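# Working through the structure, step by step
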Number of protein chains: 2
Amino acid sequence: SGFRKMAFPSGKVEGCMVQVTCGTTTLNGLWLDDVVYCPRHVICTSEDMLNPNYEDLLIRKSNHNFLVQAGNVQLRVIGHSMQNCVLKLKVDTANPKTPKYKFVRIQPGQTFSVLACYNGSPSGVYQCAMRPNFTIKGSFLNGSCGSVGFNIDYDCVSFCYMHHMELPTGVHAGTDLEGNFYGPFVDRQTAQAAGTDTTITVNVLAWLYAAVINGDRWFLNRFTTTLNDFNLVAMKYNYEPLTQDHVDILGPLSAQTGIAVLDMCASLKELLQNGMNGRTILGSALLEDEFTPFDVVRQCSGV
Amino acid sequence: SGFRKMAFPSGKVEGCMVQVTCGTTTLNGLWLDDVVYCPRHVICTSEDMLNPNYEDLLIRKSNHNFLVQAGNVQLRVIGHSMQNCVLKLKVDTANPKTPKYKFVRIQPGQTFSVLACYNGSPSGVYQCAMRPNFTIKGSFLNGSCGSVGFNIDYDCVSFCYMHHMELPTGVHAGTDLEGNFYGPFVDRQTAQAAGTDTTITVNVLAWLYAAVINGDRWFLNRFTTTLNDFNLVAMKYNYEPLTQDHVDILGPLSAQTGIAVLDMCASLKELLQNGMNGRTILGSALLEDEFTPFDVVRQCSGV
Ligand SMILES: *[C@H](O)[C@H](C[C@H]1CCNC1=O)NC(=O)[C@H](CC1CC1)NC(=O)c1cc2c(OC)cccc2[nH]1
Ligand SMILES: *[C@H](O)[C@H](C[C@H]1CCNC1=O)NC(=O)[C@H](CC1CC1)NC(=O)c1cc2c(OC)cccc2[nH]1
């Protein structure tokens, strides 16, 4: 038993991280087939970051201006293009370690593993959720851009995130692998504020089901509620509205534990209205919302 | 910025996980050079687990009774021995993916990454600490035995843990790669209780330094204390005694933040005596003790 914030095994993605240097800037790139994907602000100087005109800046760049290094192997760049906020550099060599992969744009509330990298070599792995405000609470320093977030389905790596920027509140922002930012953010050094960080309600319910499964059950009460009589309490505490689709997603967990979704909702309402009173749930003194129901089933079933 | 529970990239260890089957039992094994290491209770039946005589049980086993599978490749077993609580099966093929590796027995308070596996294939990665009572708070189901914990120094994988058992309190127990259990535990199905789970004080101080670095500083006070006048409060709350060696280990962090270790100790005393009062530190409502000072420096420096 036991429930942990668990990340996917990262070897398949480790095999795809390279170093991209342009001018003074060095960041990470993702090498799949004969293409290297990287953030486009690799072509910016410290001066261009305030007000970059990426077309004009990119037009002054030739193939040989892009230094791509996989380990110690220098890749030859034979073409380059810009798709939204992502540069795509064509190299002359297909990555021998290219896995079965997809490009997926995940929905808010979904989770994925981030492989934090620096200078094209891996540094660490951790699990993140796409917040309702399209940010992530990660751990990124300078040079971490180009690091990717991904999921794994058997052997297919679904790349969903590439890191671009840290916001003033310390959360992080990025794009999908097609270069489209999650949320309203843009890749320049201006005043950018993320909106209200609301809680992923279905994820908290899934985490409570994981708690029940792993023995923690003090938070279970004799009450029940209705979906509207749960939402009029969730909106007060900045919780995402619970829909019948969320209820059905939580179906298998409710059937495994024998606890109706609305009764667990009553327990969660009691937790929101009275707090933890100094107790913990699965070793946490906060309500955790970065586990999807799929994460819970996968970790409690051994996938 | 940002501070996360971060695990090592697991590809080098993924390349070493195989499936070991004996009779009905199937668990994981670690394939390095021409040797596969696995827990010895792979030779037990459900009946032998209460009172196993591992010499007598192993003596009834021949090489061909050990089915080793790396992916779909069947390894041929050409010898077998028992070292403490670990079986070592000699195979005819050296693992082509054997990394630079060490066998290390870590001290309590140190951390490592666990690669949770089932049927010899990886399932997830997460960071754990060796508690002062020589247990770990992991996530292990049936068939997870043989999963390993490790650290990485540039390119050298230091294997330090192999999982064997879950205790009644839901924490987990295991051996080093030489087969010696951490703590007083034995690999049989008897009444085994871990002792008092005390807190790794130096790790909480390192985590508070990480908090200060990442902007969280509300817990900083105008007070100071002495080491004895901190220990007579730490022992009340079941905190490991702080030694001058722990102070010196925290030296670089204190010099980077400009906060003396004893002043941070006064802040921690205030936290232990008055609680969090509904606040959070680095997104946690509890004092975290599974980050070593090295973990903090590594994550805030980008190693
Ligand atoms: C790429 O490696 C890097 C990400 C690192 C830097 C520090 N922490 C991280 O997450 N990205 C950047 O430095 C980008 C530059 C790209 C054009 C987007 N900029 C920021 O992350 C950035 C800019 C600003 C502010 O600008 C006014 C204000 C507050 C925080 C900021 N972060
Ligand atoms: C090996 O895969 C497995 C580890 C799994 C099983 C459930 N959770 C895990 O961590 N190990 C075992 O099942 C071992 C068997 C080996 C001889 C040690 N046994 C236990 O983990 C075990 C035994 C008992 C109890 O026995 C009285 C009481 C309470 C909890 C127990 N766990």
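Numbers given for residues start from 1 on each chain and follow the written sequence, which can depart from the numbering in the entry; residues without coordinates are excluded. As a convention, the first chain written is A and the first ligand written is 1, with the rest following in written order. Only heavy atoms go into the side-chain values, all of them from the structure, while hydrogens and water stay out.

- This entry, as listed in the PDB, derives from X-ray crystallography and reports a resolution of 2.07 Å.

### Overview of the overall build of chain A
- Counting its secondary structure elements, chain A contains eight helices and 13 strands.
- Relative to the 2.2 N^0.38 estimate, which gives 19 Å for 303 residues, the radius of gyration of chain A is 22 Å and therefore close to what a compact globule would have.
- The dimensions of chain A, computed from C-alpha atoms along their principal axes, are 70 × 40 × 30 Å.
- Relative to its full complement of 303 residues, chain A shows a buried share of 55%.
- In chain A, the share of contacts with a sequence separation of at least 24, taken over all contacts with a separation of at least 6, comes to 65%.
- Split by element, the accessible area of chain A, about 13,100 Å² in all, is 49% carbon and sulfur.
- A positive count includes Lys and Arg, and a negative count includes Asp and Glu. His and the chain ends are not counted in either. Note on charges: their place is set at NZ of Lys, CZ of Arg, CG of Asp or CD of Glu. Mean positive and mean negative side-chain charge positions of chain A (22 and 26 charges, respectively) differ by 3 Å. Starting at the N terminus, helices and strands are each numbered in turn, a helix being any DSSP run of H or I of at least four residues and a strand any DSSP run of E of at least two. Taken over C-alpha atoms, the radius of gyration is set against a globule rule of 2.2 Å times the number of residues to the power 0.38. The classification of residues rests on relative accessible area computed with a 1.4 Å probe and restricted to protein chains. Under 20% of the type maximum is buried, over 50% is exposed, and intermediate values are partly exposed. Residues count as neighbours in contact if any of their non-hydrogen atoms are within 4.5 Å of one another. Computed by Shrake-Rupley with a 1.4 Å probe, the accessible areas treat only the displayed protein chains as cover when residues are assessed.

### Considerations on the site of ligand 2
Residues and elements named next belong to chain B.
- Ligand 2 sits among 18 residues. The nearest are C145, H163, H164, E166 and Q189.
- In protein, a polar contact requires one atom able to donate a hydrogen and another able to accept it; more generally it is a pair of N or O atoms within 3.5 Å, and residues adjacent in sequence count only if both atoms are side-chain atoms. A distance of 3.5 Å separates an oxygen atom of ligand 2 from a polar atom in the backbone of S144.
- For ligand 2, a nitrogen atom lies 2.6 Å from a polar atom in the backbone of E166.
- Protein chains bury 77% of the 680 Å² of accessible surface belonging to ligand 2 in isolation.
- Of all the elements, strand β12 (residues 156-166) adds the most residues to the shell around ligand 2, at four residues.
- Residues of the shell around ligand 2, tallied by class, amount to six nonpolar, nine polar and three charged. Definition of nearness: a residue and a molecule or strand are near each other if at least one heavy atom of the residue lies within 4 Å of the molecule or strand. Residues are grouped as follows: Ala, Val, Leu, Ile, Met, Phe, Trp, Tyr, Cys and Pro are nonpolar; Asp, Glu, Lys and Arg are charged; every other residue, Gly included, is polar.

### Focus on helix α8 (residues 293-301) of chain B
- Considered for burial, the residues of α8(B) that qualify are B:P293, B:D295, B:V296, B:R298 and B:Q299.
- A positive backbone phi angle near 80° is found at B:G302, which sits one or two residues after α8(B).

### Here we look at the relation of the copies chain A and chain B
- Between copies, superposition is a least-squares fit restricted to the C-alpha atoms. The two copies are related by a screw operation: chain A maps onto chain B through 180° of rotation and 0.0 Å of translation along the axis, at an RMSD of 0.0 Å. Look at the turn and shift together and you get a two-fold axis relating the two. Closest to the rotation axis within chain A is the C-alpha of A:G11, separated from it by 1.8 Å.
- Mapped onto chain B, 100% of the interface residues of chain A are again interface residues, and the two copies thus contact each other with one and the same surface.

### Some points on the nonpolar core
- Counting 34 residues, the largest nonpolar core has B:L208, B:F219, B:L250, B:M264, B:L268 and B:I281 as the members making the most contacts within it.
- Among the secondary structure elements, those contributing two or more residues to this core are α3 (201-213), α4 (228-234) and α7 (261-274) of chain B.
- Looking at which element gives the most residues to this core, the answer is α3(B), with ten residues.
- Not counting the four nearest positions on each side in its chain, B:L250 is found in contact with B:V202, B:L205, B:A206, B:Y209, B:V261 and B:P293.
- Buried residues of nine kinds, namely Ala, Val, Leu, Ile, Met, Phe, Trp, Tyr and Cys, make up a nonpolar core once their side-chain atoms join them within 4.5 Å. Listed in part, the 33 residues of the second largest apolar core include A:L205, A:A211, A:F230 and A:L272.

### So, the interface of chain A and chain B
- Across the contact, 40 residues belong to chain A and 40 residues belong to chain B.
- Defined in terms of a 1.4 Å probe, buried area is the accessible area two parts forfeit on being brought together, summed over both. Taken together, the two surfaces of chain A and chain B that pack against each other cover about 2,700 Å², and 51% of this comes from carbon and sulfur.
- It is A:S1, A:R4 and A:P9 in chain A that bury the most area against chain B; as a group they hold 24% of the surface buried on that side.
- Among the elements that line the side of chain A that touches chain B, the one with the most residues is strand β10 (residues 121-129) of chain A, at seven residues.

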